[PDB]
Number of protein chains: 4
Amino acid sequence: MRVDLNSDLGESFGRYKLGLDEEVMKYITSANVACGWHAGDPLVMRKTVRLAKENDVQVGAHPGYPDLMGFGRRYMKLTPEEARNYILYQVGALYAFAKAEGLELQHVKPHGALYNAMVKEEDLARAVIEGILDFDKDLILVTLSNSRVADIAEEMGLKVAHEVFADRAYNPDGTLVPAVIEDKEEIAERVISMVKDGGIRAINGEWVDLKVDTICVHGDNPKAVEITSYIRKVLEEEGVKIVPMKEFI
Amino acid sequence: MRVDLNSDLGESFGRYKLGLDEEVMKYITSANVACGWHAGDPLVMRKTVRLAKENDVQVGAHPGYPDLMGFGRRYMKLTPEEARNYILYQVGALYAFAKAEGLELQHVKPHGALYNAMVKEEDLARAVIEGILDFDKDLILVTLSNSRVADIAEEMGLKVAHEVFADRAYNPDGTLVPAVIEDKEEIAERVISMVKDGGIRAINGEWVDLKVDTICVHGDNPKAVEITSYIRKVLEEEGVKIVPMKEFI
Amino acid sequence: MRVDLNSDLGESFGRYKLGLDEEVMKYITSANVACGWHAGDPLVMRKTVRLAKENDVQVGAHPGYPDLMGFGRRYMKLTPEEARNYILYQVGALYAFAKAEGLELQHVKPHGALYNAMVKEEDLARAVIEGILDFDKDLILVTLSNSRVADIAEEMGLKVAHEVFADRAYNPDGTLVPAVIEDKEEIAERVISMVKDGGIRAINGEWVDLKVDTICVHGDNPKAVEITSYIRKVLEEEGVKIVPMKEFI
Amino acid sequence: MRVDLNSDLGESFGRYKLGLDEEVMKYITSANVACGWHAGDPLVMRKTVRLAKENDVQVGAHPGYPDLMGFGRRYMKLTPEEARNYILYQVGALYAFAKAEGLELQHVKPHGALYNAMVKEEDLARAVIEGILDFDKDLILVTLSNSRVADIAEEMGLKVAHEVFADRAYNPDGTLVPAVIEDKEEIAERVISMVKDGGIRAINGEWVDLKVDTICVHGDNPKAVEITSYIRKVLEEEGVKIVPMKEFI
């Protein structure tokens, strides 16, 4: 068993500090760094990439819609070429920071509403993938496990990592319900089911098959960091190899 | 005699078309593409880089202050690390587009107020140069001919190209007066003096020594494109080799 | 017969000049001034309001989505309270300029994608109307002639002006086709049919009943200004009283 | 003895919560609400104004430079007409929210770098005051106690409130040192000296005469709220009347 632990970092902006990046960076293998559009800024990006380097964490881009006010959690209708180039712009911006710190970008994980819209609109998913291919065909796309987005990525020649969410309730079709488990013990249970059994039961009890390459964890507060630490703890005890996506995708 | 002809392009934004990029691209050797902060956007950047590729024009970054409303022509007080990373962010953003089109970035020419502030503040000039070095130590910095900025670049190990302005009046110290010659014949005269004699007379008649590596030309309207075409015309007749900076810097 | 002529003005931004505001201001009765979100800025707003005052033109707000890059022509999913307060913010911003010039705001006409989304989503139309009511219950909402938006405005107690587009093709249901008549003679024909006959034929020939309170005209270029002048010309010859909405709504 | 207690509120933005507005709103008499340029947004503005109404707190505008990334703490060179209209825009935006909640704006207190720049540049101070006069000549300007800005306001016909900072060290000339007292007991001491003795000693021991109309207090965290509560506590014990500026300016 092998799995990657990813977390959205560098989500602070200007005067506002969001999350506990340095703390959670001690448990994850991959960081999805905001690119200044839905969150983050140059100073936050440089700091986050530096922290990743010091913690031996892989850096990937976390592009989003041009909506700071909405934290990229609101749908914006974009043409395919707009989405393609908007993704390209953000990946390049973050790349400069990885380069400045002697690191290489590993992946690209779209943020919030963009992530959700790609799952629902195949043309948008294709546009985003095209933007990634424009920059580096070796980049790994992080998307919803077993989703059509993954099939499209494979069809277009882009490596893809199937992402699961242990603290989120699932619908029978594999999509997430718009319930969020809060106790670390229960979350740990779900993590084990996913890695050990390749699935989890949906809110109606139906079994959902899941490909597990990476698990999204959080570090918004001490409590979240606590849960993340425990997830790592349990995975280690189960003999699961915790390694970055680049090592097995 | 050899010289590069550079022009600020991709200065359009959203709905607004600024300049005649495709037309002027036929006469220049280097394009300074806006990076979305003071002007430009992802679509404009992609289009401008594509046009450069088709016209065999070298692409360089034209970063500016985060002030769209002011077109980057207003001073903003930045800390050295802010300036360093703000430059890095914009260079990376443009790099993605050059990469997408199979091109390599050649230079970095700061825009408007940032360009002027670097000439006046050595600590700011150093911060910008550090940001460029963070990305690619092979990039060429375009700055005011014979200015202290050029000396600082050399001291820090960054190649630098001395820029002159044939349609701008000069002060005895080599800085530009905050008068803009309008007739192409007169502008052509100044171009010849600079390349042929390594200088020009200031507004008070005093001779100003100038190192001439690149000449800034414009394409804001048919008239400007006309002047630019004539400048190329006259330089050709004088036996001057018109080639991109990378070939001789 | 009476009718108002409105035009979207103050759509310039920063360095970019858009349209021929001063010229077209000589023919219209109402100006819809951008509020800095999809276009416009403080200087453009002050200038446009000053021009309206000098030309005895009524000023109204032209709020849009927070998307400068897309000129407010892209749908953004907003919650009802977000839309309500986003409208309120923009109306207040423009109000300050009307006040500074001794003028009172007459109306509110949503811009681009927001205008279109209101026609399609009753909850969004209601949210926008609530925002207007929050500021001044005497403001007139400009919306698509005979649309459900108008009925909602009436139900909520807000005066509404039915808007028609003489240079746009219509669908049988009263909505516009996503064709734009270009010859002023033909446009003039449509203007006459609307004011004289209270309707126009859709693209399939079916008659469309239209309430005509205000006609949207343009001034993007000399040609558009030419058409606008002609529209005024023909309306005058037909004995139609050209007056601002406040005089008859 | 009478004094107003003001605090910068509504400084949150989008996803980011800054300060403890509702808590500190229980001790102050005047709130300086951000206008969306350096901080704040429509939802934060509406919420803050609603909270002020519920706590019987006066609302004033807290305009700043168009620099979210820098939280308005960075100098930006503006022309007098730019500053005038930039202030006007923000005051109007906030006014809409006060109006929506049945409240009237009481004052205008510039934020961060703009506040500091006005103290240093008389032409900028004049431009800001002109912008306020453009909107409502009855608005009160909050500025540095005994500063030239206050004299300019008086000369231009705008009421002005002299502001002091009990937790900040002073220079002999009345300006603040770029030290911040942290213990509430010491801060309380300074508050008493200012209200009781009309002054405080500068860092070098020299007595500084101060006009005391309003005291800036904070609510960034429980500790700051604690200090603010204590300040109110001590002022009450000293028999000082704590009332909003409009009641005595």
# chains A, B, ... in the order shown; residues from 1 in each chain; ligands from 1

$ select_by_dssp --residues "region 58-226 of chain A" --states "strand (DSSP E or B)" --output "PyMOL selection string"
chain A and resi 58-62+76+105-108+140-144+160-164+168+170+176+180+199-201+207-209+214-216

$ residues_around --residues "residue 26 (chain C)" --least-positions-apart "2" --cutoff "10 Å" --atoms "only C-alpha atoms" --output "PDB file with C-alpha atoms, in the first residue's frame"
ATOM      1  CA  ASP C  21     -18.933  59.587 -24.606  1.00  0.00           C
ATOM      2  CA  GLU C  22     -18.920  63.361 -25.069  1.00  0.00           C
ATOM      3  CA  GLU C  23     -20.141  63.015 -28.643  1.00  0.00           C
ATOM      4  CA  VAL C  24     -22.994  60.591 -27.995  1.00  0.00           C
ATOM      5  CA  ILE C  28     -29.229  60.749 -25.395  1.00  0.00           C
ATOM      6  CA  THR C  29     -31.442  61.436 -22.393  1.00  0.00           C
ATOM      7  CA  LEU C  51     -20.283  65.488 -19.017  1.00  0.00           C
ATOM      8  CA  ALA C  52     -23.828  64.335 -18.278  1.00  0.00           C
ATOM      9  CA  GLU C  54     -23.164  69.713 -19.009  1.00  0.00           C
ATOM     10  CA  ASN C  55     -25.350  67.938 -21.572  1.00  0.00           C
ATOM     11  CA  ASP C  56     -28.450  67.800 -19.371  1.00  0.00           C
ATOM     12  CA  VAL C  57     -28.360  63.986 -19.401  1.00  0.00           C
ATOM     13  CA  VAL C 225     -22.642  57.841 -33.034  1.00  0.00           C
ATOM     14  CA  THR C 228     -27.568  57.182 -32.764  1.00  0.00           C
ATOM     15  CA  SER C 229     -27.887  60.651 -34.278  1.00  0.00           C
TER      16      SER C 229
END

$ interface_residues --of "chain A" --to "chain C" --cutoff "7 Å" --atoms "only C-alpha atoms" --output "list in words"
residues 74, 75, 76 and 77 of chain A

$ select_by_dssp --residues "region 80-149 of chain B" --states "helix (DSSP H, G or I)" --output "NGL selection string"
:B and (80-100 or 112-120 or 122-135 or 148-149)

$ atom_distance --atom1 "CA of residue 196 (chain B)" --atom2 "CA of residue 1 (chain B)"
7.6 Å

$ closest_atom_pairs --of "region 67-91 of chain B" --to "region 119-133 of chain B" --cutoff "7 Å" --atoms "only C-alpha atoms" --output "JSON lines"
{"residue": "B:80", "atom": "CA", "partner": "B:127", "partner_atom": "CA", "distance": 5.0}
{"residue": "B:81", "atom": "CA", "partner": "B:127", "partner_atom": "CA", "distance": 6.7}
{"residue": "B:83", "atom": "CA", "partner": "B:127", "partner_atom": "CA", "distance": 5.9}
{"residue": "B:84", "atom": "CA", "partner": "B:131", "partner_atom": "CA", "distance": 4.3}
{"residue": "B:85", "atom": "CA", "partner": "B:131", "partner_atom": "CA", "distance": 6.0}
{"residue": "B:87", "atom": "CA", "partner": "B:131", "partner_atom": "CA", "distance": 5.8}
{"residue": "B:88", "atom": "CA", "partner": "B:131", "partner_atom": "CA", "distance": 5.2}

$ residues_around --residues "region 105-107 of chain D" --least-positions-apart "2" --cutoff "12 Å" --atoms "only C-alpha atoms" --output "ChimeraX atom specification"
/D:6,29-33,49,52-53,57-63,91-103,109-110,129,132-133,135-143,158-161,214,244-247,249

$ residues_around --residues "residue 222 (chain B)" --least-positions-apart "4" --cutoff "9 Å" --atoms "only C-alpha atoms" --output "number ranges by chain"
B: 19-20, 23, 226-227

$ atom_distance --atom1 "CA of residue 188 (chain B)" --atom2 "CA of residue 147 (chain B)"
23.5 Å

$ residues_around --residues "residue 2 (chain D)" --least-positions-apart "6" --cutoff "8 Å" --atoms "only C-alpha atoms" --output "PyMOL selection string"
chain D and resi 213+240-243

$ atom_distance --atom1 "CA of residue 65 (chain C)" --atom2 "CA of residue 117 (chain C)"
10.8 Å
